[PDB]
Amino acid sequence: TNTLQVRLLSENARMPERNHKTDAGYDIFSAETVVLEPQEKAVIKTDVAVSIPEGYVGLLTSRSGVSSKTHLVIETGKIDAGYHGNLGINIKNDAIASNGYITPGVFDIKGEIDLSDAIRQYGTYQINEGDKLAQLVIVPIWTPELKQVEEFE
Amino acid sequence: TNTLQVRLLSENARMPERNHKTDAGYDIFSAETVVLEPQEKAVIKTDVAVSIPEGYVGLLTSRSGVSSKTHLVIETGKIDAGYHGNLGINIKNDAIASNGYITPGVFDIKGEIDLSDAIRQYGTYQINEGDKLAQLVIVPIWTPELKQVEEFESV
Ligand SMILES: [Mg+2]
Ligand SMILES: [Mg+2]
């Protein structure tokens with residue numbers, strides 16, 4: 001009744017982490033390395049599956065630090081009870097490219113710069129395997145039957 | 001007497017270096033840090049002075065690794081016997097600036113790129129204090145009197 005079943009799908013998967021018992025969510029890790037130039041979109045794999053129980057929905061959503069200090073935008077995933085596949089994080093680099101502004105650096109998930117292997121548009125990001133990118137929050141839901149009516153009351 | 005006198009003019013000066021007794025030249029080192037955007041020129045100080053003996057000229061000239069893997073072009077200076085001031089390396093960055101393209105990256109003397117403090121044109125080099133930039137080759141010379149003639153004639 002108070003345990004969530006988890007599957008690790010590969011040697012690159014990491015068990016979800018929680019600091020205190022009272023915290024709202026579990027931190028979720030990237031299982032892959034992905035380069036996002038400005039305005040690029042992707043669904044980044046975690047190699048983790050969970051079993052959300054009947055009567056709830058899982059929310060796969062952003063973190064404060066990452067969203068306020070970078071241009072990486074995560075669209076909140078609604079995880080159905082019974083979805084048992086690989087969790088994916090829905091992301092966009094919403095930076096806008098500037099003309100001829102180029103660099104051998106890439107931004108990381110902390111907003112810091114490191115030297116990379118290529119010349120790219122300034123504002124490109126690199127997500128690394130192991131990056132603490134998103135978090136999982138789980139909340140109760142109402143799932144009623146629908147009744148069509150002509151007037152409410 | 002087969003010795004060349006050398007003066008070190010500062011704490012940034014490096015004594016010239018040679019590998020092999022048979023090598024043509026002595027490698028020469030930059031005493032300063034210089035940024036050159038495309039088409040930019042400078043004379044770069046070494047803080048070294050030498051006394052070339054009478055009957056010779058010193059040739060301050062490029063190295064194959066530097067000139068073939070970068071756009072840094074060195075014009076061979078001719079050092080007179082009796083020039084005793086600071087030796088300078090006469091250099092141009094002969095990369096061409098490409099439209100916009102700006103960057104925080106700068107290239108070094110090995111052709112590699114690192115990250116810099118400012119935004120500049122793509123193609124900018126940065127030379128560092130201690131870079132092994134040039135060599136010195138010393139050759140003998142003929143310095144005759146001139147005679148004007150109406151027609152040339154056999155010696
Ligand atoms: Mg936008
Ligand atoms: Mg030219």
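Every chain is numbered from 1 and lettered A, B, ... according to where its sequence line falls, protein lines coming before strand lines.
Taking CD of A/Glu129 as the start and CG of A/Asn12 as the end, the distance is 4.0 Å to the nearest 0.5 Å. Note: B/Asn90 CG to B/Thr61 OG1 = 11.0 Å, rounded to the nearest 0.5 Å. Rounding to the nearest 0.5 angstrom, the gap separating the OG atom in B/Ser67 from the CG atom in B/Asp94 is 12.5 Å. Taken from OG in A/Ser62 to CG in A/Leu72, the straight-line distance is 11.0 Å, to the nearest 0.5 Å.
A single hydrophobic cluster is seen to contain both B/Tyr56 and B/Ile79, as judged by linkage of ILVMFWY side chains at heavy-atom distances under 4.5 Å, directly or through other members. Linking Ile, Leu, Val, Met, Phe, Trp and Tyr residues whenever their side-chain heavy atoms come within less than 4.5 Å leaves A/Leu4 and A/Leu9 in two separate clusters.
Put simply, the side chain of B/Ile91 reaches to within 4.5 Å of the side chain of B/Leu36, judged on heavy atoms. Counting only heavy atoms from C-beta outward, the side chains of B/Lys132 and B/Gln135 never approach each other to under 4.5 Å. At least one side-chain heavy atom of A/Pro38 sits under 4.5 Å from a side-chain heavy atom of A/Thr124. Side-chain contact check for A/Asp108 versus A/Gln126: every heavy-atom pair is 4.5 Å or farther apart. Between B/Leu60 and B/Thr76 the shortest side-chain heavy-atom distance does not fall below 4.5 Å. Using a 4.5 Å cut-off on side-chain heavy atoms (C-beta onward), A/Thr103 and A/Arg120 make no contact. Counting heavy atoms from C-beta outward, A/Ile52 and A/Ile138 have side chains that approach closer than 4.5 Å. Contact check for A/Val6 versus A/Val48: side-chain heavy atoms found under the 4.5 Å cut-off.
Crowding of B/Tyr83 atom OH: a count of heavy atoms from other residues, nucleotides or ligands under 6.0 Å exceeding 12.
In this structure, the ring-ring contact (aromatic ring centres under 6.0 Å, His included) partners of B/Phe107, at least two apart in sequence or on a different chain, are B/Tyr122, B/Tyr125. When the side-chain contact (heavy atoms from CB on, under 4.5 Å) test is applied to A/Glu32, the partners found at least two apart in sequence or on another chain are A/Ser30, A/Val34, A/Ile44, A/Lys45.
Closest approach of A/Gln121 to A/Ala97, counting heavy atoms only: NE2-CB, 3.4 Å. Shown here for B/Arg14 and B/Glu17, the closest heavy-atom pair between the two residues is NE-OE2, 3.3 Å. Closest heavy-atom contact between B/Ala81 and B/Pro53: CB-O, 3.7 Å. The minimum heavy-atom distance between A/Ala95 and A/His71, with the atom names listed, is N-CB, 3.5 Å.
Each of B/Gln39, B/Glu75, B/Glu40 was compared with B/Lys92 under the side-chain hydrogen bond (donor to acceptor under 3.5 Å, both in side chains) criterion, and only B/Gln39 meets it. Checked against B/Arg63 for a side chain to side chain contact (heavy atoms under 4.5 Å, CB included), the options B/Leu133, B/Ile28, B/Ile109, B/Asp27 give a single hit: B/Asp27.
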Step-by-step side chain to side chain contact (heavy atoms under 4.5 Å, CB included) determination, A/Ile74 to A/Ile89
CA-CA 7 Å; A/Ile74 295 172; A/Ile89 298 164; 3.8 Å; yes
A/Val106 vs A/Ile113, side chain to side chain contact (heavy atoms under 4.5 Å, CB included): CA-CA, chis, key distance, verdict
CA-CA 6 Å; A/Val106 291; A/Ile113 305 177; over 6 Å; no
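B/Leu146 forms part of no hydrophobic cluster, judged by ILVMFWY side-chain heavy-atom separations under 4.5 Å. Annotation for B/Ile141: hydrophobic cluster partners, listed by chain and number, are B/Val57, B/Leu59, B/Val137, B/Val139 (ILVMFWY side-chain heavy atoms under 4.5 Å, direct or chained). Here B/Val35 is tied to no hydrophobic group at all, with no ILVMFWY side chain closer than 4.5 Å. Other residues sharing a hydrophobic cluster with A/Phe29 under the 4.5 Å side-chain heavy-atom criterion for ILVMFWY residues do not exist; the residue is a singleton.
Side chain of B/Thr46 to backbone of B/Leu87: a donor-acceptor contact under 3.5 angstrom is found. Between the side chain of B/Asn93 and the backbone N or O of B/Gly123 there is at least one donor-acceptor pair closer than 3.5 Å. Between the B/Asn86 side chain and the B/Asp47 main chain, a donor and an acceptor come within less than 3.5 Å of each other.
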